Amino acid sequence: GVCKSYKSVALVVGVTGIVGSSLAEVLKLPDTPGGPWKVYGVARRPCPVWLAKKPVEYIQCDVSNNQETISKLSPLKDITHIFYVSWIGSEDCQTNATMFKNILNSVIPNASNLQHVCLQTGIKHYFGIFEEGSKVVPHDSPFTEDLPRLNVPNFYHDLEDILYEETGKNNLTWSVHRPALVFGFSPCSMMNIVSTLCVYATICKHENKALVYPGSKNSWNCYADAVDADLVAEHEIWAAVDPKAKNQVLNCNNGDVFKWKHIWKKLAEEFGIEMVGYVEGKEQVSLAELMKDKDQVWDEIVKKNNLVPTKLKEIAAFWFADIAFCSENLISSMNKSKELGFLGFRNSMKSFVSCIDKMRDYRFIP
């Protein structure tokens, strides 16, 4: 059979991630802008079974290693768009920078039809980094894309600088996407809040305990926002294909606000267990501490429910929930994207439930 024709050819760097996994789905839909798409999906681990069941050409590669990346990506002469949706899982500026440089150095000399590089960062651009030593004054919100860089060693700054330099030199377009908190389904993410809260809820249910909210008062009652992984995918694809979005920094959220108070009630209902909400006068407790000895319990759950086998620390990031539940005042604006013609949105309450439903369909959670 003659070689298959594609209109566009994506390199998704971080294909097992919370957005990369969505891109692997969304890019292959028949009506997706820029389609038909061929998808190369890059990650460090062996292709998981769930991803092997998708029409994605998986490339196992440690992108922090330059010679390996050259060897693995330089043969991919047909790439048209790069979606960089990866990070090393620490805030180390140079390791993260090296990963992104390696992608560009390996692809740009070899992909003569390369058009665009999508760089995914996030709303930490506006408020700072997670490293405990960093005592920094964030910007006030709503966050908009005209806010200047904070005086902090945020690896996002280095990634942008590389993006601008390398696209500029090579007559490529660029986009920087700054998603809010992601609502997604990947069990291989280092920061999946829905999966994390679903695992907590599952363990509570397993142990005949209530779904006890461990967070701060402020994070219970404040306005919060998030972004569905599929909407991030759609926003990145929009910037990759639509001339109006090119060479722009762009926030990405669902377009609404919610409260954790309301999400919590929904979570309890979804698992058919009692909730204990925020109790007046109580201080936040560490969910990471509450769950520190639960690995064997999770193993037992996986076995009893015949789930996709996951290690507790890989499917859940309890430390990340702890940060979410002592955060407030982090709302980001979608006006710039809307004014440029991107009218994609989600109902965040419905998005949260859709992620639960999807994780159950995939057998990641009971």
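The first residue of the shown sequence is 1; numbering continues from there.
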Fill in the blank from the handout: Higher avg CA temperature factor (97-105 vs 134-142, as deposited) belongs to 134-142
Problem - Comparing 222-230 with 167-175, the one whose average Cα B-factor in the PDB entry is higher - result: 167-175
Handout entry: Candidate residues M334, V297, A321, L340, the one whose C-alpha B factor the record puts highest
Key = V297
Exercise for the section: For the C-alpha B-factor as written in the entry, point me to the maximum among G281, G255, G122, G184. Expected result: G281
Exercise for the section: Sort the modelled residues of this chain by their C-alpha B factor and say whether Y362 lands in the lowest, middle or highest third. Expected result: middle
Problem - Chain thirds of CA B-factor: placement of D293 - result: highest
Completion exercise
Here the Cα B-factor of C61, set against its chain, lands in the third termed middle
Completion exercise
Chain thirds by Cα B factor, record data; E236 belongs to the lowest
Fill in the blank from the handout: Chain thirds by Cα B factor, record data; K72 belongs to the highest
